[PDB]
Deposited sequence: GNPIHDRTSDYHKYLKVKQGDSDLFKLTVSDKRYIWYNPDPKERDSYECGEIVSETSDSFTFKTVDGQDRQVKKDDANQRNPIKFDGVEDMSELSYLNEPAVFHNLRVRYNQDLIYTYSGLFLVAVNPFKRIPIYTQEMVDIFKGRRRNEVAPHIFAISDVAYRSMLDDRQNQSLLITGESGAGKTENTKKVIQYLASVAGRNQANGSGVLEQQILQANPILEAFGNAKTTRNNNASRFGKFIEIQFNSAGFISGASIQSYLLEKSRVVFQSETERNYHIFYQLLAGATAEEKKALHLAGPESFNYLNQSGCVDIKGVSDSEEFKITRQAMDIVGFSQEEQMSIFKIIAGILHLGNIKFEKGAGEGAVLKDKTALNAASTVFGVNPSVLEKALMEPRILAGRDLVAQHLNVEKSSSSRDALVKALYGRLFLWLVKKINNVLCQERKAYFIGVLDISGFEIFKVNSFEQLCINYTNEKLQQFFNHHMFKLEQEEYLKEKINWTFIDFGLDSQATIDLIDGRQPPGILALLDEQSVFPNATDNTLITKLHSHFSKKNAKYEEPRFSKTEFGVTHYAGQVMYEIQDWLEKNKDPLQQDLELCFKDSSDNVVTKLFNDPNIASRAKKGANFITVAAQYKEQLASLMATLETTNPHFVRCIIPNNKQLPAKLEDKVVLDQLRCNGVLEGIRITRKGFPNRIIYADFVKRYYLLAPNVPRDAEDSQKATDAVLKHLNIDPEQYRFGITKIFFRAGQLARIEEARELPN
């Protein structure tokens, strides 16, 4: 049994190494220790001091450099006896304080033990290197094991959810939180791997298709940002579906709004979506001539950020892997070829250069890029040129050809690019779901992988929606861990004094999405239909409603175009430029009419299939992106409320994507804003189990521990 064999790989990579006689000596020491700050300006930098004396209310301890200091017992962060260092479940610690919890994660992380329980939920600290704990042999070890029978692991919480699903006949979710780069997408994939394996299984083709969906989604929906070389730029909820017997019967991917803006613009050092680099690196021979391709430096949409490759990644090899996944999932050769024509066409569109005509209207003097795009998309270049520079609109009921200047023509060309790419992405997910989901499900385990909290030098509308999604997820953790839990204790009247755990994201949520008094998204929508609005009237309206009024909002003194939201994970300043256009998300109807006539069978579907190309109305206006965002988030939250949730908190070790480098302030900020210590305390002080060290409740008896 590998669990008990100290030579096994399980022991070697998932268990705390045996300590030596010198460590034994230290472990039976009668000395006692304290975690203190050498510099009180930096509360997160701790050293260990020996406690050398005490009074009824203070400790005196030695500092690393010697000099003795005193501290009130009520302010003291005592160090755990060292037999606790490496403990698998931190609810076992005697002293529950910040430096002690960090220390335990630190000891485990120093020996590549990245998973640790923190009471009821799992903490996963990103190793930023490969650790061989996800093999089939590891999978087989965890299969069917109760949590306290095996070491902490993403496989274990996955098995727990799978047995709860069987035993309780109840849908489950696995909610994996974390800032950008923390490990959500990798851990998501391990949960899927594990479930596909243990739920069977000779009848392996579906399981393979499920796994192969990922390189396709990542190639199109992930990109290098400053926070993650493989940042997810869309959120997803993956439903792994099981028949009533408990075997996997299918899967279905719910994808959320994609950051289409990245197709046309990337900040310094970032990349566009991986697929563009994969194509240009990995085509073939006649693909490059058939698609009129050259290198990334030759395309405006890839030559701006100064970064065309990612250390340790071969875009040409990844292209082979993406195509191989497209084959396995079932995309035809003609379908793959049309997918790449659309990628190539986008890049050609981005190389159109509009310039000033005799008058204010733009003209196109060099049509090389226009012609190449039109060739690959299968559209008429003269019709496309006219739809870009001279689109027709109604003015009242009259039909009037506009003549757009350079800036507007360029923006319209970008709008067409973003629509093509976002619609292609939706089409990819739809095609995948049609393959993966071929049976009605009895049960599901849903795994949520959102885009993680992020802060850049410039934060725009996309960042506010990403960070709001993260705030809402933290609140769902707070609701589950603290608020519902104490609501039960009351509904049962069990002698329980309510405890304020001081974690409540409600104020920030009402600021962003309040109705009600109206929050930020509601005012954005109101401005979006006001004929006379500008990004400046919008910011003025926000300040008017919130400045010196809402405690989570800040009107900054250093800028007239930004506002601050105090999120659970820190304040973010948001630049208002282009918000009304991003929210309206316009696309000239003459461009749509041009692409509806495409000779290409995939392009034609992107523009004629209503599930892909149609947009809902609200009154006399198309539904705004903020409204679409809210519908998606509301649908997710409604789904989660039907499941029994399991939480995995991914923690990034530093801001440099490096292994073996824990950064104290970075880690501790996450431990605080994630509510990890509060989560351990409720576990310890509360009454985790109730049917039908104790309380007799009105209709159940509640159990502690044990």
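- Counting the deposited sequence from 1, the stretches lacking C-alpha coordinates are 1, 204-207, 698-735, 750-762.
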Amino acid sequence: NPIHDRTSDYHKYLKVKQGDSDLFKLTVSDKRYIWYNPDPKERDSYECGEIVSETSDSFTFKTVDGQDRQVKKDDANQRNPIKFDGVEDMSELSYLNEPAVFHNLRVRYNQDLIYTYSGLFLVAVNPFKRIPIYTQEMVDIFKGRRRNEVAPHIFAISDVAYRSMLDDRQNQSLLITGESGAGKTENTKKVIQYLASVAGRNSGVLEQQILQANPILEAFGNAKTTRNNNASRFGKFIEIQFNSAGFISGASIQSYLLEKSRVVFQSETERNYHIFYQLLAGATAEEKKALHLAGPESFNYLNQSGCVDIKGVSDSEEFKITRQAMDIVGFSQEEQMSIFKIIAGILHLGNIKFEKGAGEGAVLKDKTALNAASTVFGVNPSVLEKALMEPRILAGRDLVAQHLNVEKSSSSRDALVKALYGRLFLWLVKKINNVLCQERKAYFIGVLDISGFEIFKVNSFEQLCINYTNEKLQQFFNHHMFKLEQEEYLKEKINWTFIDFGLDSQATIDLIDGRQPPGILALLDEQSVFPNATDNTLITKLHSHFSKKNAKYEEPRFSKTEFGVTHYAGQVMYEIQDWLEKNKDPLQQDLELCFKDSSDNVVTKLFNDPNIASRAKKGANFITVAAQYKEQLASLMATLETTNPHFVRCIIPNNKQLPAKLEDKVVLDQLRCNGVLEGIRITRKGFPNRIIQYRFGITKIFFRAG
From here on, numbers count along this sequence of modelled residues.
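- Relative to one another, 695-703 and 1-9 have unequal mean CA B-factors, and 695-703 is the one with the higher figure.
- When the two stretches 534-542 and 570-578 are set side by side, the higher mean Cα temperature factor goes to 534-542.
- The residue among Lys129, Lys552, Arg145, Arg262 whose C-alpha carries the highest B-factor in the deposited model is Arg145.
- Note on the listed residues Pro653, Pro645, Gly675, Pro40: the highest Cα temperature factor in the record is that of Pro40.
- Annotation for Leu503: C-alpha temperature factor in the highest third relative to the rest of the modelled chain, per the entry.
- In the deposited entry, the Cα temperature factor of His274 places it in the lowest third of its chain's modelled residues.
- Among all modelled residues in this chain, the alpha-carbon of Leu671 has a temperature factor (C-alpha) in the lowest third.
- Remark: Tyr162 belongs to the middle third of its chain, ranked by C-alpha B-factor as recorded.
- In this PDB entry, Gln657 carries a Cα temperature factor that places it within the lowest third of its chain's modelled residues.
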